[PDB]
$ cat protein20.csv   # CSV, C-alpha atoms and all ligand atoms
chain,number,residue,atom,x,y,z
A,110,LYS,CA,0.0,0.0,0.0
A,111,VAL,CA,1.9,3.1,1.3
A,112,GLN,CA,5.7,3.2,2.2
A,113,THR,CA,6.5,2.6,6.0
A,114,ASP,CA,8.3,5.3,8.1
A,115,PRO,CA,11.6,3.4,8.0
A,116,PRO,CA,11.3,2.2,4.3
A,117,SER,CA,10.7,-1.6,3.9
A,118,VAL,CA,8.0,-2.0,1.1
A,119,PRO,CA,9.6,-2.9,-2.3
A,120,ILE,CA,9.0,-0.3,-5.1
A,121,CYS,CA,7.3,-3.2,-7.2
A,122,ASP,CA,4.5,-3.4,-4.5
A,123,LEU,CA,4.0,0.4,-4.3
A,124,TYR,CA,3.1,0.4,-8.1
A,125,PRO,CA,0.6,-2.6,-8.5
A,126,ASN,CA,0.2,-1.9,-12.3
A,127,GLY,CA,4.0,-2.3,-12.8
A,128,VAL,CA,4.3,1.3,-14.2
A,129,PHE,CA,7.1,3.2,-12.4
A,130,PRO,CA,7.2,7.1,-12.2
A,131,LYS,CA,9.2,9.0,-14.9
A,132,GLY,CA,12.2,11.2,-13.9
A,133,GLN,CA,12.5,14.9,-15.0
A,134,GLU,CA,11.8,15.2,-18.8
A,135,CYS,CA,13.8,17.9,-20.7
A,136,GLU,CA,13.8,19.1,-24.2
A,137,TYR,CA,17.2,18.7,-25.8
A,138,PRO,CA,19.6,21.8,-25.9
A,139,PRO,CA,19.3,23.9,-29.2
A,140,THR,CA,21.4,22.7,-32.2
A,141,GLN,CA,24.3,25.3,-32.5
A,142,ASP,CA,24.0,27.6,-34.6
A,143,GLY,CA,20.5,27.7,-32.9
A,144,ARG,CA,17.9,25.2,-34.3
A,145,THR,CA,15.3,23.9,-31.9
A,146,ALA,CA,15.2,20.2,-30.8
A,147,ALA,CA,11.4,20.3,-29.8
A,148,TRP,CA,10.5,18.4,-33.1
A,149,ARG,CA,11.6,15.1,-31.3
A,150,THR,CA,8.7,15.2,-28.8
A,151,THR,CA,6.1,15.1,-31.6
A,152,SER,CA,7.5,12.6,-34.3
A,155,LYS,CA,10.9,9.2,-32.6
A,156,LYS,CA,7.7,8.1,-30.6
A,157,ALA,CA,7.9,4.7,-32.3
A,158,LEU,CA,11.6,4.4,-31.4
A,159,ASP,CA,11.0,5.5,-27.8
A,160,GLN,CA,8.0,3.1,-27.4
A,161,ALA,CA,10.2,0.2,-28.6
A,162,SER,CA,12.5,0.6,-25.6
A,163,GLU,CA,9.6,1.3,-23.0
A,164,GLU,CA,10.4,-1.9,-21.0
A,165,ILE,CA,14.1,-0.7,-20.7
A,166,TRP,CA,13.1,2.9,-19.5
A,167,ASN,CA,10.5,1.3,-17.1
A,168,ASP,CA,13.3,-0.8,-15.5
A,169,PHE,CA,15.5,2.3,-15.0
A,170,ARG,CA,12.5,4.1,-13.5
A,171,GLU,CA,11.8,1.3,-10.9
A,172,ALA,CA,15.6,1.4,-9.9
A,173,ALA,CA,15.5,5.2,-9.8
A,174,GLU,CA,12.4,5.2,-7.4
A,175,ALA,CA,14.2,2.8,-5.1
A,176,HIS,CA,17.3,5.1,-5.2
A,177,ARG,CA,15.2,8.3,-4.3
A,178,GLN,CA,13.5,6.6,-1.3
A,179,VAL,CA,16.9,5.1,0.0
A,180,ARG,CA,18.7,8.5,-0.2
A,181,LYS,CA,15.8,10.4,1.5
A,182,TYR,CA,16.0,7.7,4.3
A,183,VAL,CA,19.8,8.1,4.4
A,184,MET,CA,19.6,11.9,4.8
A,185,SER,CA,17.2,11.5,7.8
A,186,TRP,CA,19.7,9.5,10.0
A,187,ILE,CA,23.3,9.9,8.6
A,188,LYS,CA,25.2,11.5,11.5
A,189,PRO,CA,28.8,11.9,12.8
A,190,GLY,CA,29.6,9.2,15.4
A,191,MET,CA,28.4,6.4,13.2
A,192,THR,CA,31.0,3.9,11.9
A,193,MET,CA,31.3,3.8,8.1
A,194,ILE,CA,30.4,0.1,8.3
A,195,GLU,CA,27.0,0.8,10.0
A,196,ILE,CA,26.2,3.6,7.5
A,197,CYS,CA,26.9,1.2,4.5
A,198,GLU,CA,25.0,-1.7,6.1
A,199,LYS,CA,21.9,0.4,7.0
A,200,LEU,CA,21.8,2.0,3.5
A,201,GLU,CA,22.4,-1.4,1.7
A,202,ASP,CA,19.7,-3.2,3.9
A,203,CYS,CA,17.2,-0.6,2.9
A,204,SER,CA,18.3,-0.8,-0.8
A,205,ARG,CA,18.0,-4.7,-0.9
A,206,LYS,CA,14.4,-4.4,0.5
A,207,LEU,CA,13.2,-1.6,-1.8
A,208,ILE,CA,14.8,-3.0,-5.0
A,209,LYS,CA,13.4,-6.5,-4.0
A,210,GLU,CA,16.9,-8.1,-4.5
A,211,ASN,CA,16.6,-11.2,-6.7
A,212,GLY,CA,20.0,-12.5,-7.8
A,213,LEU,CA,21.1,-10.9,-11.1
A,214,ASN,CA,17.5,-9.9,-12.0
A,215,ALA,CA,17.3,-7.0,-9.4
A,216,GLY,CA,19.7,-5.7,-6.8
A,217,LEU,CA,22.7,-3.5,-5.8
A,218,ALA,CA,24.6,-2.3,-9.0
A,219,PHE,CA,27.8,-1.6,-7.1
A,220,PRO,CA,29.1,-1.2,-3.5
A,221,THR,CA,28.1,1.9,-1.4
A,222,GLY,CA,30.9,4.5,-1.8
A,223,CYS,CA,31.3,6.7,1.3
A,224,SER,CA,34.6,8.3,0.4
A,225,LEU,CA,35.9,10.9,2.9
A,226,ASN,CA,37.7,14.2,2.7
A,227,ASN,CA,40.6,14.0,0.1
A,228,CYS,CA,39.3,10.6,-1.0
A,229,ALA,CA,36.9,11.3,-3.9
A,230,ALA,CA,35.7,7.8,-4.8
A,231,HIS,CA,35.9,3.9,-4.4
A,232,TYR,CA,36.2,3.8,-0.6
A,233,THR,CA,33.9,1.4,1.2
A,234,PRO,CA,35.0,-0.2,4.5
A,235,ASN,CA,36.3,-3.8,4.5
A,236,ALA,CA,35.7,-6.0,7.6
A,237,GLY,CA,37.4,-4.6,10.8
A,238,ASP,CA,37.4,-1.0,9.5
A,239,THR,CA,36.9,1.2,12.7
A,240,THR,CA,36.5,4.5,10.8
A,241,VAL,CA,33.9,6.8,12.3
A,242,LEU,CA,32.2,9.7,10.4
A,243,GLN,CA,33.4,13.0,11.9
A,244,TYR,CA,31.6,16.4,12.2
A,245,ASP,CA,34.2,18.0,9.9
A,246,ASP,CA,34.1,15.2,7.3
A,247,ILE,CA,33.0,15.6,3.7
A,248,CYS,CA,31.3,12.3,2.7
A,249,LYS,CA,30.4,11.2,-0.9
A,250,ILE,CA,27.5,8.8,-0.7
A,251,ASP,CA,27.6,7.0,-4.1
A,252,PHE,CA,25.3,3.9,-4.5
A,253,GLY,CA,23.5,2.1,-7.3
A,254,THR,CA,20.5,0.0,-7.9
A,255,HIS,CA,19.5,-2.0,-11.0
A,256,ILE,CA,16.6,-3.8,-12.6
A,257,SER,CA,17.7,-6.4,-15.2
A,258,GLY,CA,21.1,-4.7,-15.3
A,259,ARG,CA,19.5,-1.2,-16.1
A,260,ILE,CA,21.7,0.7,-13.6
A,261,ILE,CA,21.0,4.0,-11.7
A,262,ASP,CA,24.3,5.6,-10.7
A,263,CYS,CA,23.4,8.5,-8.4
A,264,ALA,CA,25.6,10.3,-5.8
A,265,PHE,CA,25.5,13.2,-3.3
A,266,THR,CA,27.8,14.8,-0.7
A,267,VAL,CA,27.0,14.9,3.0
A,268,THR,CA,28.5,17.5,5.4
A,269,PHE,CA,27.7,18.8,8.9
A,270,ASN,CA,29.9,21.9,9.0
A,271,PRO,CA,28.5,24.9,7.0
A,272,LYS,CA,32.1,25.9,6.1
A,273,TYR,CA,31.8,23.6,3.1
A,274,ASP,CA,28.5,25.0,1.8
A,275,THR,CA,30.0,27.0,-1.2
A,276,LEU,CA,32.2,24.0,-2.2
A,277,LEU,CA,29.0,21.8,-2.4
A,278,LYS,CA,27.1,24.5,-4.3
A,279,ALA,CA,30.0,24.8,-6.8
A,280,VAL,CA,29.9,21.0,-7.6
A,281,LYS,CA,26.1,20.9,-7.6
A,282,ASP,CA,26.0,23.8,-10.1
A,283,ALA,CA,28.7,22.2,-12.3
A,284,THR,CA,26.7,18.9,-12.3
A,285,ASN,CA,23.4,20.7,-13.2
A,286,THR,CA,25.3,22.4,-16.0
A,287,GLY,CA,26.5,19.0,-17.3
A,288,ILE,CA,23.0,17.7,-17.2
A,289,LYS,CA,21.7,20.8,-19.1
A,290,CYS,CA,24.5,20.7,-21.7
A,291,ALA,CA,24.1,16.9,-22.4
A,292,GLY,CA,22.2,15.8,-25.5
A,293,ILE,CA,22.3,13.8,-28.8
A,294,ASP,CA,25.1,15.1,-31.1
A,295,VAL,CA,26.7,17.2,-28.3
A,296,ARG,CA,30.6,17.0,-28.2
A,297,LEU,CA,31.8,15.4,-24.9
A,298,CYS,CA,34.6,18.0,-24.7
A,299,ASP,CA,31.9,20.8,-24.8
A,300,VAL,CA,30.2,19.3,-21.7
A,301,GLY,CA,33.6,19.2,-20.1
A,302,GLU,CA,34.5,22.8,-20.8
A,303,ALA,CA,31.0,24.1,-19.6
A,304,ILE,CA,31.3,22.0,-16.4
A,305,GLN,CA,34.9,23.5,-15.8
A,306,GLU,CA,33.8,27.1,-16.6
A,307,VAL,CA,31.0,26.8,-14.0
A,308,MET,CA,33.0,25.1,-11.3
A,309,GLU,CA,36.1,27.4,-11.6
A,310,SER,CA,33.9,30.5,-11.2
A,311,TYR,CA,33.6,29.5,-7.5
A,312,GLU,CA,36.0,30.6,-4.7
A,313,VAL,CA,35.8,29.2,-1.2
A,314,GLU,CA,37.2,30.0,2.2
A,315,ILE,CA,37.8,27.0,4.7
A,316,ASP,CA,39.6,27.7,8.0
A,317,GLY,CA,41.1,31.0,6.8
A,318,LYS,CA,42.5,29.6,3.6
A,319,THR,CA,41.0,30.5,0.1
A,320,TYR,CA,40.7,28.2,-2.9
A,321,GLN,CA,39.3,28.2,-6.4
A,322,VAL,CA,37.2,25.1,-6.8
A,323,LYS,CA,38.8,22.8,-9.4
A,324,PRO,CA,37.3,19.8,-11.2
A,325,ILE,CA,39.1,16.5,-10.7
A,326,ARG,CA,40.7,16.3,-14.2
A,327,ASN,CA,41.2,12.5,-14.1
A,328,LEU,CA,37.6,11.7,-12.8
A,329,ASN,CA,34.7,11.9,-15.2
A,330,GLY,CA,31.1,11.1,-16.2
A,331,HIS,CA,30.4,8.1,-18.5
A,332,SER,CA,28.1,6.1,-20.7
A,333,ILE,CA,26.3,3.1,-19.0
A,334,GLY,CA,25.5,-0.3,-20.5
A,335,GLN,CA,23.5,-3.3,-19.4
A,336,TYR,CA,25.4,-4.8,-16.3
A,337,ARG,CA,28.2,-2.4,-17.4
A,338,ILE,CA,28.8,0.7,-15.2
A,339,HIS,CA,31.2,2.2,-17.9
A,340,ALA,CA,30.2,1.4,-21.5
A,341,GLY,CA,33.1,3.2,-23.4
A,342,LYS,CA,32.4,6.9,-23.6
A,343,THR,CA,33.9,9.3,-21.0
A,344,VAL,CA,32.4,12.8,-20.2
A,345,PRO,CA,35.3,15.0,-19.1
A,346,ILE,CA,34.9,17.6,-16.4
A,347,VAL,CA,37.8,19.9,-17.6
A,348,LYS,CA,38.8,21.4,-21.0
A,349,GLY,CA,41.2,19.5,-23.3
A,350,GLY,CA,39.0,16.4,-23.8
A,351,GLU,CA,37.9,14.4,-26.9
A,352,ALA,CA,35.4,15.9,-29.5
A,353,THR,CA,33.5,12.5,-29.6
A,354,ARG,CA,29.6,13.0,-29.6
A,355,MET,CA,26.7,11.6,-27.5
A,356,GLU,CA,24.3,9.4,-29.4
A,357,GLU,CA,20.5,8.5,-29.4
A,358,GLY,CA,19.5,5.7,-27.0
A,359,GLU,CA,22.6,6.0,-24.8
A,360,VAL,CA,22.5,6.2,-21.0
A,361,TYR,CA,24.9,8.5,-19.1
A,362,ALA,CA,26.0,9.1,-15.6
A,363,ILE,CA,26.5,12.9,-15.5
A,364,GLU,CA,28.8,13.6,-12.6
A,365,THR,CA,31.3,16.1,-11.4
A,366,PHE,CA,34.0,16.2,-8.7
A,367,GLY,CA,35.3,19.4,-7.1
A,368,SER,CA,38.5,19.7,-5.1
A,369,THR,CA,40.4,22.2,-2.9
A,370,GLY,CA,43.5,20.1,-3.7
A,371,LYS,CA,45.5,19.5,-7.0
A,372,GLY,CA,42.4,18.5,-9.0
A,373,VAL,CA,43.9,15.0,-9.7
A,374,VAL,CA,43.4,11.7,-7.9
A,375,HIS,CA,45.8,8.7,-7.4
A,376,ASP,CA,45.3,5.1,-6.0
A,377,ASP,CA,45.6,5.0,-2.2
A,378,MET,CA,44.7,3.0,0.9
A,379,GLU,CA,43.5,-0.6,1.1
A,380,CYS,CA,41.4,-1.8,-1.9
A,381,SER,CA,37.7,-2.7,-1.3
A,382,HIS,CA,36.1,-2.5,-4.8
A,383,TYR,CA,36.5,-5.2,-7.5
A,384,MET,CA,34.8,-5.9,-10.9
A,385,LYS,CA,35.1,-8.7,-13.5
A,386,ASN,CA,36.6,-7.5,-16.7
A,387,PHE,CA,33.8,-7.2,-19.4
A,388,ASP,CA,36.1,-8.2,-22.3
A,389,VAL,CA,37.4,-11.5,-20.8
A,390,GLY,CA,35.5,-14.6,-21.9
A,391,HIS,CA,35.4,-18.0,-20.4
A,392,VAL,CA,38.6,-19.0,-18.5
A,393,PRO,CA,38.8,-22.6,-17.2
A,394,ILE,CA,40.3,-22.7,-13.7
A,395,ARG,CA,41.5,-25.8,-11.9
A,396,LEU,CA,43.0,-24.0,-8.8
A,397,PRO,CA,40.2,-24.9,-6.2
A,398,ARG,CA,39.9,-21.8,-4.1
A,399,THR,CA,40.3,-19.5,-7.2
A,400,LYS,CA,37.8,-21.6,-9.1
A,401,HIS,CA,35.3,-21.4,-6.2
A,402,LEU,CA,35.6,-17.6,-5.8
A,403,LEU,CA,35.2,-17.0,-9.6
A,404,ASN,CA,32.0,-19.2,-9.5
A,405,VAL,CA,30.7,-17.1,-6.5
A,406,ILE,CA,31.4,-13.8,-8.5
A,407,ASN,CA,29.7,-15.2,-11.7
A,408,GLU,CA,26.6,-16.3,-9.8
A,409,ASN,CA,26.1,-13.3,-7.5
A,410,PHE,CA,27.6,-10.3,-9.4
A,411,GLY,CA,28.3,-11.2,-13.0
A,412,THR,CA,30.0,-8.0,-14.4
A,413,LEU,CA,28.7,-5.7,-11.7
A,414,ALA,CA,31.2,-4.3,-9.2
A,415,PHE,CA,31.4,-6.0,-5.8
A,416,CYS,CA,33.3,-5.4,-2.5
A,417,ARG,CA,35.0,-7.6,0.2
A,418,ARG,CA,32.1,-7.0,2.7
A,419,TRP,CA,29.7,-8.6,0.1
A,420,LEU,CA,31.9,-11.7,-0.1
A,421,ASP,CA,31.9,-11.9,3.8
A,422,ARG,CA,28.1,-11.5,3.7
A,423,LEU,CA,27.9,-14.5,1.3
A,424,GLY,CA,29.8,-16.6,3.9
A,425,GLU,CA,33.1,-16.6,2.1
A,426,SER,CA,36.4,-16.6,4.0
A,427,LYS,CA,40.2,-16.9,3.4
A,428,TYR,CA,39.5,-15.6,-0.2
A,429,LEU,CA,42.1,-12.8,-0.4
A,430,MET,CA,44.7,-14.9,-2.2
A,431,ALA,CA,42.0,-16.4,-4.6
A,432,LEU,CA,40.9,-12.7,-5.3
A,433,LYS,CA,44.5,-11.6,-6.0
A,434,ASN,CA,44.9,-14.6,-8.4
A,435,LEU,CA,41.8,-13.4,-10.3
A,436,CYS,CA,43.3,-9.9,-10.5
A,437,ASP,CA,46.7,-11.3,-11.7
A,438,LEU,CA,44.9,-13.4,-14.3
A,439,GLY,CA,43.2,-10.3,-15.7
A,440,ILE,CA,39.7,-11.8,-15.0
A,441,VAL,CA,38.9,-9.3,-12.2
A,442,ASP,CA,40.2,-5.7,-11.9
A,443,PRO,CA,40.8,-3.9,-8.5
A,444,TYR,CA,39.4,-0.3,-8.1
A,445,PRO,CA,41.2,1.1,-5.1
A,446,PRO,CA,40.3,4.4,-3.4
A,447,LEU,CA,41.1,7.5,-5.5
A,448,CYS,CA,42.6,10.4,-3.5
A,449,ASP,CA,43.6,13.9,-4.0
A,450,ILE,CA,46.5,15.4,-1.8
A,451,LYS,CA,46.4,15.0,2.0
A,452,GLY,CA,44.5,17.9,3.6
A,453,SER,CA,42.3,18.6,0.5
A,454,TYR,CA,38.4,18.4,0.3
A,455,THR,CA,36.5,16.7,-2.5
A,456,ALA,CA,32.8,16.8,-3.3
A,457,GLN,CA,30.6,15.0,-5.8
A,458,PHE,CA,27.1,15.2,-7.3
A,459,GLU,CA,25.8,12.7,-9.9
A,460,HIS,CA,22.6,11.8,-11.8
A,461,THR,CA,21.7,9.2,-14.4
A,462,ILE,CA,20.2,10.4,-17.7
A,463,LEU,CA,18.4,8.6,-20.6
A,464,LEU,CA,19.0,10.0,-24.1
A,465,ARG,CA,15.5,8.9,-25.3
A,466,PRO,CA,14.7,9.6,-29.0
A,467,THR,CA,11.8,12.0,-27.9
A,468,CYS,CA,13.4,13.8,-24.9
A,469,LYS,CA,16.2,13.8,-22.3
A,470,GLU,CA,15.1,12.2,-19.1
A,471,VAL,CA,17.0,12.8,-15.8
A,472,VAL,CA,15.6,9.5,-14.6
A,473,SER,CA,17.3,9.7,-11.1
A,474,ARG,CA,15.9,13.2,-10.3
B,501,LIG,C1,37.9,3.8,-13.8
B,501,LIG,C2,36.8,3.3,-13.1
B,501,LIG,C3,35.9,2.4,-13.6
B,501,LIG,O1,34.8,2.0,-12.9
B,501,LIG,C4,34.7,2.0,-11.5
B,501,LIG,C5,33.5,1.3,-11.0
B,501,LIG,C6,33.8,-0.2,-10.8
B,501,LIG,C7,34.2,-0.2,-9.3
B,501,LIG,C8,33.4,0.9,-8.6
B,501,LIG,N1,32.9,1.8,-9.8
B,501,LIG,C9,32.0,2.9,-9.6
B,501,LIG,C10,31.4,3.1,-8.4
B,501,LIG,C11,30.5,4.1,-8.2
B,501,LIG,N2,30.2,4.9,-9.2
B,501,LIG,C12,30.8,4.7,-10.4
B,501,LIG,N3,30.7,5.4,-11.6
B,501,LIG,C13,31.5,4.8,-12.5
B,501,LIG,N4,32.2,3.8,-12.0
B,501,LIG,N5,31.7,3.7,-10.6
B,501,LIG,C14,36.2,1.8,-14.9
B,501,LIG,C15,35.3,0.9,-15.5
B,501,LIG,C16,35.7,0.4,-16.7
B,501,LIG,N6,36.7,0.8,-17.4
B,501,LIG,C17,37.6,1.7,-16.9
B,501,LIG,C18,37.3,2.3,-15.6
B,501,LIG,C19,38.2,3.3,-15.1
B,502,MN,MN,28.6,6.8,-9.0
B,503,MN,MN,29.5,7.2,-12.1
$ encode --input "protein20.csv" --output "structure tokens"
Amino acid sequence: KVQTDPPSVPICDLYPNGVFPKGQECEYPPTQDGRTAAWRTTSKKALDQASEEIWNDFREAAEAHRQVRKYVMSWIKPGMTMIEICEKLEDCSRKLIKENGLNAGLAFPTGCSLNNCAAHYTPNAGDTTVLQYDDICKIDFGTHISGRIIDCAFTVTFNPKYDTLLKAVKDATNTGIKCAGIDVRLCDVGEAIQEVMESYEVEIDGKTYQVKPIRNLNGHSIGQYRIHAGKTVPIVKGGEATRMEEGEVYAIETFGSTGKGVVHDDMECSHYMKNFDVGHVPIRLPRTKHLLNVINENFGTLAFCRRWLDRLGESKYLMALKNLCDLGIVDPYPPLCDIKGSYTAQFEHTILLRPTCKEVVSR
């Protein structure tokens, strides 16, 4: 019927007809010189209708995402361990998405990257890290229906001193969302994002900074069970003049930093994902064979973390996991950090480049 105070009712049950709510629908940006894109909404309808089941799956996943993040915003507080934050968020996500093997579930581990760490941090077992009042935490989580992934992220703070940094990144992300469209050059989206983000100056503990985009972090095209499908959306000038195409799905995201505006691999790895371009590899090594079978059954090509392997009842798998990485079957995705003492922020939405309109499905 209606959603409970702490959410527990799956999205599927809240919509008995199986028709999930649409995200924000936008007309495409004008075709430079200056031709209108409004014609698409009236043609394109046949091509849009053909993929209705696909858009409907993204919508169910997007509704689960909205209700989980509204729940997260109501209780996330300093003093909580990073493990409890991730477990509370994931328990709600599993329930609302109605987790069912590879058919419905979590598209990737909950990122909760702190301060100079911009992405790919999730605690492993035994991590005693506690969220602090002065922390800047990037909550980045994903849901999927039949591998139709919603990649959506926001930044959590408790100290108002970071307000302008968050506004800079939010404005840069909304710019990217507005600039995106069929036949738009990916380098143009990048330059517009940078121009907006770099117009902001911030003061944190008596020090001033110009907000800079993290040049080696970017938005990207999304494929079925494939978080990155091949096209990169830069967030600085100097990128590639490759164009966005009809029917594509993008994660439009920006990262702002008071640091160097560049990230490097740091800390213990938590995130792993099977390489999409590797076919069948016969393995005789028993622990390695077992772990690969666990990955193929539970995750396929979706990203996973060590906590999820622990949750499945696996143990003493670290060497088997390293073997899969050395064989090129699995790739590690360690935390990406800017310089010590720097602050990073992120905002992200998933968009559908439908033949009729641009739908910000996660908004
Ligand atoms: C850098 C990062 C990648 O994906 C990292 C993925 C997998 C692990 C976590 N992860 C996440 C988590 C949250 N949000 C995300 N948005 C995009 N990816 N992403 C690559 C994928 C494919 N080829 C090149 C790549 C280079
Ligand atoms: Mn993300
Ligand atoms: Mn992303």
$ closest_residue --input "protein20.csv" --among "A:125, A:445, A:466, A:350" --to "residue 233 in chain A" --atoms "all atoms listed in the file"
A:445
$ residues_around --input "protein20.csv" --residues "residue 444 in chain A" --least-positions-apart "4" --cutoff "12 Å" --atoms "only C-alpha atoms" --output "number ranges by chain"
A: 219-220, 222, 230-233, 375-386, 414-417, 436
$ write_last_selection --input "protein20.csv" --atoms "C-alpha atoms" --output "mmCIF file, in the frame of the given file"
data_model
loop_
_atom_site.group_PDB
_atom_site.id
_atom_site.type_symbol
_atom_site.label_atom_id
_atom_site.label_comp_id
_atom_site.auth_asym_id
_atom_site.auth_seq_id
_atom_site.Cartn_x
_atom_site.Cartn_y
_atom_site.Cartn_z
ATOM 1 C CA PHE A 219 27.800 -1.600 -7.100
ATOM 2 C CA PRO A 220 29.100 -1.200 -3.500
ATOM 3 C CA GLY A 222 30.900 4.500 -1.800
ATOM 4 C CA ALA A 230 35.700 7.800 -4.800
ATOM 5 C CA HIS A 231 35.900 3.900 -4.400
ATOM 6 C CA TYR A 232 36.200 3.800 -0.600
ATOM 7 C CA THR A 233 33.900 1.400 1.200
ATOM 8 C CA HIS A 375 45.800 8.700 -7.400
ATOM 9 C CA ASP A 376 45.300 5.100 -6.000
ATOM 10 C CA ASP A 377 45.600 5.000 -2.200
ATOM 11 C CA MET A 378 44.700 3.000 0.900
ATOM 12 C CA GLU A 379 43.500 -0.600 1.100
ATOM 13 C CA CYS A 380 41.400 -1.800 -1.900
ATOM 14 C CA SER A 381 37.700 -2.700 -1.300
ATOM 15 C CA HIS A 382 36.100 -2.500 -4.800
ATOM 16 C CA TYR A 383 36.500 -5.200 -7.500
ATOM 17 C CA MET A 384 34.800 -5.900 -10.900
ATOM 18 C CA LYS A 385 35.100 -8.700 -13.500
ATOM 19 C CA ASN A 386 36.600 -7.500 -16.700
ATOM 20 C CA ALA A 414 31.200 -4.300 -9.200
ATOM 21 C CA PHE A 415 31.400 -6.000 -5.800
ATOM 22 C CA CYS A 416 33.300 -5.400 -2.500
ATOM 23 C CA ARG A 417 35.000 -7.600 0.200
ATOM 24 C CA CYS A 436 43.300 -9.900 -10.500
#
$ atom_distance --input "protein20.csv" --atom1 "CA of residue 188 in chain A" --atom2 "CA of residue 261 in chain A"
24.7 Å
$ residues_around --input "protein20.csv" --residues "residue 402 in chain A" --least-positions-apart "5" --cutoff "8 Å" --atoms "all atoms listed in the file" --output "short mmCIF file (atom, residue, chain, number, x, y, z; two decimals) with C-alpha atoms, in the frame of the given file"
data_model
loop_
_atom_site.label_atom_id
_atom_site.label_comp_id
_atom_site.auth_asym_id
_atom_site.auth_seq_id
_atom_site.Cartn_x
_atom_site.Cartn_y
_atom_site.Cartn_z
CA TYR A 428 39.50 -15.60 -0.20
CA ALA A 431 42.00 -16.40 -4.60
CA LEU A 432 40.90 -12.70 -5.30
#
$ atom_distance --input "protein20.csv" --atom1 "CA of residue 342 in chain A" --atom2 "CA of residue 290 in chain A"
16.0 Å
$ residues_near_ligand --input "protein20.csv" --ligand "ligand MN 502 (chain B)" --cutoff "12 Å" --atoms "all atoms listed in the file" --output "ChimeraX atom specification"
/A:218-224,229-232,249-254,260-266,328-333,338-339,361-366,414,457-461,473
$ atom_distance --input "protein20.csv" --atom1 "CA of residue 216 in chain A" --atom2 "CA of residue 292 in chain A"
28.6 Å
$ build_atoms --input "protein20.csv" --residues "range 251-265 of chain A" --atoms "N, CA and C atoms" --output "CSV table (one decimal), in the frame of the given file"
chain,number,residue,atom,x,y,z
A,251,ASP,N,27.8,7.4,-2.7
A,251,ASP,CA,27.6,7.0,-4.1
A,251,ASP,C,27.1,5.5,-4.2
A,252,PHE,N,25.9,5.3,-4.5
A,252,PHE,CA,25.3,3.9,-4.5
A,252,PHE,C,24.5,3.7,-5.7
A,253,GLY,N,24.3,2.5,-6.1
A,253,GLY,CA,23.5,2.1,-7.3
A,253,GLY,C,22.6,1.0,-7.1
A,254,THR,N,21.5,1.0,-7.9
A,254,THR,CA,20.5,0.0,-7.9
A,254,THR,C,20.3,-0.4,-9.4
A,255,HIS,N,19.8,-1.6,-9.6
A,255,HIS,CA,19.5,-2.0,-11.0
A,255,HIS,C,18.3,-2.9,-11.0
A,256,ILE,N,17.6,-2.9,-12.2
A,256,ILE,CA,16.6,-3.8,-12.6
A,256,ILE,C,17.0,-4.4,-13.9
A,257,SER,N,17.2,-5.7,-14.0
A,257,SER,CA,17.7,-6.4,-15.2
A,257,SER,C,18.9,-5.8,-15.8
A,258,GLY,N,19.8,-5.3,-14.9
A,258,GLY,CA,21.1,-4.7,-15.3
A,258,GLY,C,20.9,-3.3,-15.8
A,259,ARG,N,19.7,-2.6,-15.7
A,259,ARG,CA,19.5,-1.2,-16.1
A,259,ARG,C,19.9,-0.5,-14.8
A,260,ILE,N,21.1,0.1,-14.8
A,260,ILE,CA,21.7,0.7,-13.6
A,260,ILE,C,21.4,2.2,-13.4
A,261,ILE,N,21.1,2.6,-12.1
A,261,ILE,CA,21.0,4.0,-11.7
A,261,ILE,C,22.2,4.2,-10.9
A,262,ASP,N,23.1,5.2,-11.4
A,262,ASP,CA,24.3,5.6,-10.7
A,262,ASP,C,24.0,7.1,-10.3
A,263,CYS,N,23.8,7.2,-9.0
A,263,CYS,CA,23.4,8.5,-8.4
A,263,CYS,C,24.1,8.8,-7.1
A,264,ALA,N,24.8,10.0,-6.9
A,264,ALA,CA,25.6,10.3,-5.8
A,264,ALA,C,25.4,11.7,-5.3
A,265,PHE,N,25.6,11.9,-4.0
A,265,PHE,CA,25.5,13.2,-3.3
A,265,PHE,C,26.6,13.4,-2.2
